[PDB]
Structures are given as C-alpha cells and as structure tokens.
Amino acid sequence: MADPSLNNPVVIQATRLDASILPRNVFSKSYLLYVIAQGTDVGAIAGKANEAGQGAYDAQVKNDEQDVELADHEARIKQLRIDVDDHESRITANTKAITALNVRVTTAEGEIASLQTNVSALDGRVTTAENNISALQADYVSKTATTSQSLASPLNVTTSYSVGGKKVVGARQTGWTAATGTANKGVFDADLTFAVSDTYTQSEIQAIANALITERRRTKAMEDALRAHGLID
Amino acid sequence: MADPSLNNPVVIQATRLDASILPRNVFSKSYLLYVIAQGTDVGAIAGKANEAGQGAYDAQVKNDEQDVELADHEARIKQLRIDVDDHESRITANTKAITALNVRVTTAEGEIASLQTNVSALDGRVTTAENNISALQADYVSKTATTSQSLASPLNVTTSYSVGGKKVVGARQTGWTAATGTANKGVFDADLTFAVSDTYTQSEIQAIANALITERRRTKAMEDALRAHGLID
Amino acid sequence: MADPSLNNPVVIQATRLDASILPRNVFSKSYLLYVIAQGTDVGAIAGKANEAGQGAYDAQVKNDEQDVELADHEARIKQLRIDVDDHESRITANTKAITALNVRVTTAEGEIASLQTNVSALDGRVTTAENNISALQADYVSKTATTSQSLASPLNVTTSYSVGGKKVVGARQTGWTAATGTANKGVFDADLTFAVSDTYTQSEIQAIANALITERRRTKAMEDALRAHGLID
C-alpha cells in the first residue's frame, strides 16, 4: 500500500479577483456575486479533494504498519499454540507419572509394613529359640564330659550297663527261691577256728556246725543284699 | 486519530445558476452552454470531493478502532508469553523431580525385594531350628527331670555308676577261678544242722555235710549270678 | 464494508473552452485567462476528487480484510488464555503431589533402613543358634537310639538303675561288716561229696571242716568283690 500520489495536491490558479478584472455593464448583479462565489467555490472544493486525498494516503499508511503487527501477532499466537499444545502433553505426561509412582509407593508401604510385622515375629521366635537352646545346654547329659553330671531321676537302659568297655550289669537273674532265716550282720573271719578231736572222748563237734550255720546266715546276708538291689529277683 | 474535518463537507457558498441571471445577447451560444455545463460540473465535483473525504474519514475511524484492539491483542499476547514461559520452567522442574523420585523409588523397590527374600529365607531357617530343637527336647537325657528315663540302648560309663551320691558299681573284679558242679536256687533256711550227741551219731554228722553241700552249691549259684551280669571275672 | 461507489468517477461534460467562443470584445484579457484557468482547474480537481475516492476505497477494502484477521486473532487469543489457566491449576497441583510423595518416600527409606539393621542382626542369631544346636546334636545321649552309648564321665543317678525296665541296682545296702581273712576266688570243687561211715573216722571229719574253711573263704571273696563295687557297705 501507501500510494504517494494521493498526498500530492492539485494546484489551482491563485487568482481570486473581482471588479478589478470584471466587465462593466453586461450581466446581472446576481451573476456578479455568482461568478465571484464561483471562484471561491472552486477554491474551497479543490482543498476538499486535497484534504480527502491526504486523508486517504494517511489511512493506507496506518494500514501498512497495522499489517506488520497483525503479521507479527499471527507469528506469536502461532508459536504460543505450539507451546501450549506441547505443554498439555507434558502436564498430562507428568500427572500420569505422579499417579504411577503413587501406586508403587502405596504398594511398597503395605510391603514394608508386613515386613516390619514379620521381622517382629522372627525376633520373638528366635528368642525362645535361644532360650530353649540355653535350657538344653544346662542339663543334657553329655558324651564327652569328663566330670560326673548326676541326674535326679531313675535310669533304665536296654541290654546292660557297662564300665570301661566291660559289662557289669545285665537283666535280672531269675529262677530263685529266696532264703529264709536270720541274716549275719557282724564279725566274721574266714580263717579257721575249729577242727577236731584226734581220737576224741571230748565231743565238742558243735564248732564245725556252729560255724556252718553262720556261713549260711551270712550267705542269707549276701544273697538278700543282691535281691534287694534287684541283681536277682 | 480520525481527522474531524474530512467529514466536514465544503459548504458551497453560492446559489444555483439558472439562465435568467445570464447576460443574454452578450454571450456566445457556446459560452451559454459552457457556463451551464461548467455549472453542474462544479457541483458534481464538490459532491464527489465531499464523499472522498467521507470514505477516508471512515477508513480512519475504523483505523482507530482497529488500533485499540491491536493494542489489546498486543498486551494479552505479551501476558500469555510471560505465563507460558513461567509454565515451561515449572513443567520442566516437575518432571526432573519426578524422574528423581523414580530413582529412589526403584532403589527402594529393589531393596524391599531383597528383604522379602532374606526374610523368607529367615523363616525357613527358624522353622527348621524350632523343629530339631523340639526333637532335641524330646529325646535327650537331662540331669534335672524327676521321672525315670529309659535309654532304649545299652549304656557305657567311665569309672563307675553311683546312686544318691555313692558308688555302687565299678570295673569288673578280675581274676576269679570259676567254680564247678551244678548250682541250684531252691529253698534254703537257717537249718537246725545241729542236734549233737553225747555219743557221736552218724545220721547227725551227715546232716552237717548235707547242709554243707547245699551251701557251696548256693554260693556258686551266686557266683554264676555275678559273672552272668559281669560284676565278676 | 468498503463502499464500492467510492470508485465511480465524475466525468466533466463541459467542453474544453475554445477562446473563439469567448466574448473578447467584452472580456478583459485578465478575466480571459482567469476563465481559461478555471475550466482547467475544474477538470483537474475532478481527477483529484476521483483519485481520493478510489484511494479511500483501497483503504476500506483493506480495513475489511484486517477486520476478518482481527477477530480470528481474538478468537485464538481467547482460547490460548483458556488453555493456560487450565494448565495453571494442573501444574500447581502436580507440584503439590510431587513434594507430598517425597515425605512419603523419605519416611519409607528410614523404615527400610531400620529393617535392614534388624534382619542382618537376625541372620546372626540364627547362625549362632544353628551352630549351637548342631553342637548339641553330636553330644547328647539319645533317649531313643538303638546302638549303644558311651559316657566318659562317671554317672550318678537318683534311686536306681534298671535294664529292660526292671530294677537292678539301688541303694548300696549299709550297716555291713567286712569279713576278715584270706578270700579265695581259686578252684571250687564240683560240689564234691565227703564220705561217711560207721564209726568216727578223723579223716572223714577233717574233710568237711576243711571244705568248710574254703567255703567261708570264697564267701568272703564274694563279699569283698561286692564292697569294692559299692553294692554293700
């Protein structure tokens, strides 16, 4: 746009005369004022067409520079839409990420919990474990112990008990008929008091049998002693 | 800004023409018409020029309108650019951070995974420990325990067996010559082997020898009792 | 919109003034040139008025386009603004969620580390126990075992020893006496007899009080074997 010629005025004859250059005696008083006005009229008119043309050039000049800004406006709205668009995709891309992480922390809070609850059970179960093992180590009767280790119960074995690889006690000895009589308790020597007489006429003889009794009564002592244990009956 | 004069029309200060005012018999015929033709010509050009200012004054009015809205456009476009650039920086931070969350969420998922395994493996080892710990308690001797405990096996001890704090059995007594004959363990009692006389009497001496043989047969019986077990050679 | 009648040109109908048609015996030369200079100026103003009309036209046609374009620009600006304010809320919400998940995450991490401490520790007490019970396994006397068990201690028991569930050893039998003399574990005759006749016979008698002597001696042996075990006092 912007047409330069529109700004170029028409020049009109400067002359704005009168009865100086007018006839003398020919036309009406009124034609006089007319011709005269006629001249003023043409003049005011040429100035309108010049203002208009002026006015017109100016409105096209505004046009060319408003055009540059519309054009600039399109560029920035264009670039903003492209940015807005981009953004929309990313904000969405970020919101879906917050949510996807939400479920993972969530599930992983339930897991850490049942972790805490299960480590807990593991602890008291391992405590009474130690406790029980401790009990075991206080009284189990051991196979390497050098020292005597007693127990406050009775003991039953299987075949037999031994000492130093040799056996010394087996199952009970049956078939017995207990001895009756008094048991021998005290003084007793296996070395021969008694004996005789040679030919005799002094009887005694009692001596042999007196001792023989004390031999059976002491036998009723040993025998008895073993039965009370249980070695026999 | 729209110039107000453009819309102001050239007030044609001069009445119509109409021949009656014209100098007749002085003017040529051709001038007569020229003066007429020039007549409406000055009106039509006025009109035309007045409407030319008209259109341009309108093109300016709109030009004013369009500039207030272009300025408006201008200011809101600037605004959006400023916020959208604010948005870009927030957006870009928000995803970097969520990328940053992710790495420690993974680092934690990875370790929780680790802990569930080891705790699972922990249960495993603990169950098995309780179990052979309950086998142990159910099959060991234990010092303290008042109810008699049977072994289900033969025993073997190192220098002896004691009861209530006293030795009762040892290694087996060695170097016995086994006896001979046939031992029996029927009835035996504190016999009146005696009944002696003033004179001798064979029947009564014999009773002595008779109770003597049972005696010895009674001690070999015994002797068989203690070797059978093992207390003796 | 653009007034198209802006372009309609006025055509002057006054013919170019030939001076021969003017009344030169009555017209000063002054108003002869004036008169000539008026027609001329009038056609020219015709062209200037015309020009500023087709010019105001182009400005008005351009106003028309620019108008279209404007409203489009409004429209999009108007929508951009809607999409930004939406983003505004969403973004601020996402930032809020991100930091809220970070306290979530950070607390989560202390718990994982508190656990880790407690599970490694668990590992250790299981390892120890696992070893402590394995050591029991190898050294405990079995209540169930079939193959014989040896003890490398002396054994003390409460109240008695039994084999096959039968009492066999108990208290050591006290208030006893130690038979004095020479104990014989030597050769013991196969329950020999003796020989008894009519009259006395000294050899007939010495024989029995002889077998009497050894009878006791061997007895005494038995009693000694018993004390060195501890079955009797």
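Neighbour counts run over all protein chains shown; Cβ positions are idealised from the backbone, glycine included. Each reported figure results from applying straightforward, stated rules to the coordinates on display, with no laboratory input.
Can you tell me which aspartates and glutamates have their Cα less than 20 Å from the Cα of A:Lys48? Leave out same-chain residues fewer than eight positions away.
Hits, sequence-local ones excluded: A:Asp3, A:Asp58, B:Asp3, B:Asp41, B:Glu51, B:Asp58, C:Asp3, C:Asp41, C:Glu51, C:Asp58.
As a test, work out the antiparallel percent of DSSP beta bridges whose residues both lie in the protein assembly as shown, rounded to the nearest 5.
Bridges in the protein assembly as shown are about 50 percent antiparallel.
Considering Cα pairs under 8 angstrom that are at least six residues apart, work out the relative contact order of chain B and quote it in whole percent.
15 percent
Kindly give Rg over Rh for chain A, based on alpha-carbon atoms, with the Kirkwood expression for the hydrodynamic radius.
The Rg/Rh ratio comes out at 2.08.
Under a GNM of chain A (C-alpha, springs under 10 Å), which listed residue has the highest mean-square fluctuation: A:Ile82, A:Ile208, A:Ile91?
In this elastic network of chain A, the residue with the biggest mean-square fluctuation among A:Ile82, A:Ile208, A:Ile91 is A:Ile208.
With the label 7 angstrom out along Cα to Cβ, how close does C:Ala37 come to the same site in each of the other copies, in nm, nearest first?
Spacings between copies for this position, smallest first, are 2.3, 2.3 nm.
Under the Karplus relation 6.51 cos²θ - 1.76 cosθ + 1.60, θ = phi - 60°, what is the ordered set of whole-Hz ³J(HN,Hα) values for segment A:73-90, x standing for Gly and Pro?
Taking θ as phi minus 60°, the curve returns 5, 4, 4, 6, 5, 4, 5, 6, 5, 4, 6, 4, 3, 2, 3, 4, 6, 7 Hz for segment A:73-90.
C:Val168's amide H: which non-local residues (gap 5+, or another chain) put their own amide H closer than 5 Å, with H modeled 1.01 Å from N in plane and none for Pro or chain starts?
So C:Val168 has HN proximity to C:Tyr161, C:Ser162, C:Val163.
For the protein assembly as shown, state what percent of all Cα-Cα pairs lands in each successive 20 Å bin, counting from 0 Å until the bin that includes the largest distance.
For the protein assembly as shown, the binned pair fractions read 13, 18, 12, 10, 9, 8, 8, 7, 7, 5, 3, 1, 0 percent.
Considering only B:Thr127, C:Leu22, B:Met1, whose Cα is most displaced toward the positive end of the charge dipole of the protein assembly as shown, charges sitting on Cβ of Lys, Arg (+1) and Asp, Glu (-1)?
So the residue furthest toward the plus end is B:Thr127.
Taking neighbour counts of Cβ atoms within 10 Å as a proxy for exposure, in what order, fewest first, do A:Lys78, C:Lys185 appear?
Fewest-to-most ranking of A:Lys78, C:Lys185: A:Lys78, C:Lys185.
Roughly how big is the protein assembly as shown's charge dipole about its Cα centre, with Cβ charges of +1 (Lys, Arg) and -1 (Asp, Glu), in debye to the nearest 20?
3260 debye
Using Cβ counts within 10 Å as a stand-in for footprinting exposure, how do A:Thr159, B:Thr117 rank, fewest first?
B:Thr117, A:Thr159
Which shape class applies to segment B:1-72: rounded if a/c is under 1.5, otherwise prolate when a/b exceeds b/c and oblate if not, where a ≥ b ≥ c are the square roots of the Cα gyration tensor eigenvalues?
It comes out prolate by the Cα gyration axes.
Would you pull out the residues with amide H under 5 Å of A:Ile232's amide H, same chain only if 5 or more places away, H placed 1.01 Å from N?
For A:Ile232, the qualifying residues are A:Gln173, A:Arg227.
Once phi is turned into ³J(HN,Hα) by the Karplus curve 6.51 cos²θ - 1.76 cosθ + 1.60 with θ = phi - 60°, what whole-Hz value does each residue of segment C:166-179 show in order, with x for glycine and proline?
With coefficients 6.51, -1.76 and 1.60, one gets 10, 3, 9, 9, x, 3, 7, 6, 9, x, 9, 10, 9, 3 Hz.
Convert 20 °C to kelvin, take the viscosity as 1.002 mPa s, use the Kirkwood radius over C-alpha pairs of segment C:69-137 as Rh, and evaluate the Stokes-Einstein diffusion coefficient in µm²/s, rounded to a whole number.
D, rounded to a whole number, is 121 µm²/s.
What is the Cα centroid distance between segment A:196-216 and segment A:19-34, reported in whole angstrom?
A separation of 220 Å, based on Cα centres.
Under the definition of partner shielding as Cβ atoms of other protein chains within 10 Å of a residue Cβ, what is the mean value for peptide B:92-105?
Counting other chains' Cβ atoms within 10 Å and averaging over B:92-105 gives 5.
State the answer as a single residue: which of A:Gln116, A:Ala221, A:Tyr57 lies farthest towards the positive end of the charge dipole of chain A, with beta carbon charges of +1 for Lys and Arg and -1 for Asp and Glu, about the Cα centre.
A:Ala221
Taking the Cα centre of segment A:44-163 as origin and charging only Cβ (+1 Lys, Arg; -1 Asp, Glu), how large is the dipole, in debye to the nearest 20?
1060 debye
With θ set to phi - 60° and the Karplus curve 6.51 cos²θ - 1.76 cosθ + 1.60, what are the ³J(HN,Hα) couplings of segment A:116-126 in order, to the nearest whole Hz, using x for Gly and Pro?
4, 6, 8, 4, 4, 5, 4, 6, x, 6, 6
Could you list, in their original order, any pairs among A:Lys167/C:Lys143; B:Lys96/C:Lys78; B:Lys166/C:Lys220; B:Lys166/C:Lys166; B:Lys167/C:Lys143 whose Cα atoms are separated by more than 27 Å?
Result: B:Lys96/C:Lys78 exceed 27 Å.
With springs only between Cα atoms under 10 Å, which of B:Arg216, B:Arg90, B:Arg81 fluctuates most in a Gaussian network model of chain B?
It is B:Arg216.
What ranking of B:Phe188, B:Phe194 emerges when the number of other C-beta atoms within 10 Å of each C-beta is taken as an exposure proxy, fewest first?
B:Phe194, B:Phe188
Using r as the Cβ-Cβ distance of C:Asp123 and A:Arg104, and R0 as 25 Å, what FRET efficiency do you calculate, to the nearest 0.05?
For C:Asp123 and A:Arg104, the calculated efficiency is 0.35.
Residues with amide H under 5 Å of C:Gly181's amide H, sequence separation 5 or more or different chain, H placed in the peptide plane at 1.01 Å from N; which?
A:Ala190
From the residues C:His87, A:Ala178, B:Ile98, which one has its Cα farthest along the dipole of the protein assembly as shown in the positive direction, the dipole being from +1 and -1 charges on Cβ of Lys/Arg and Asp/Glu about the Cα centre?
Farthest along the dipole direction, towards plus: A:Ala178.
Calculate the dipole size of segment A:157-233 relative to its Cα centre from +1 charges on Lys and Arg beta carbons and -1 charges on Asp and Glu beta carbons; express the result in debye to the nearest 20.
540 debye
Per DSSP H run of at least 4 residues, take -39500 (n - 2.57); add these up for chain C, divide by its residues and hand me the 222 nm value, nearest 500 deg cm²/dmol.
That comes out to -22000 deg cm²/dmol.
Restricting everything to alpha-carbon atoms, can you work out Rg to Rh for segment B:178-233 with a Kirkwood hydrodynamic radius?
Expressed as Rg/Rh, it is 1.14.
All other residues with a Cβ under 11 Å from the Cβ of C:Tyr140 taken together, and with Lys, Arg as +1 and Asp, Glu as -1, what is their net charge?
-1
Going 7 Å from Cα along the Cα-Cβ axis for the label, what nanometre distances separate B:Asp85 from the same residue across the other copies?
Taking the point 7 Å beyond Cα along Cα→Cβ, the inter-copy spacings are 2.2, 2.3 nm.
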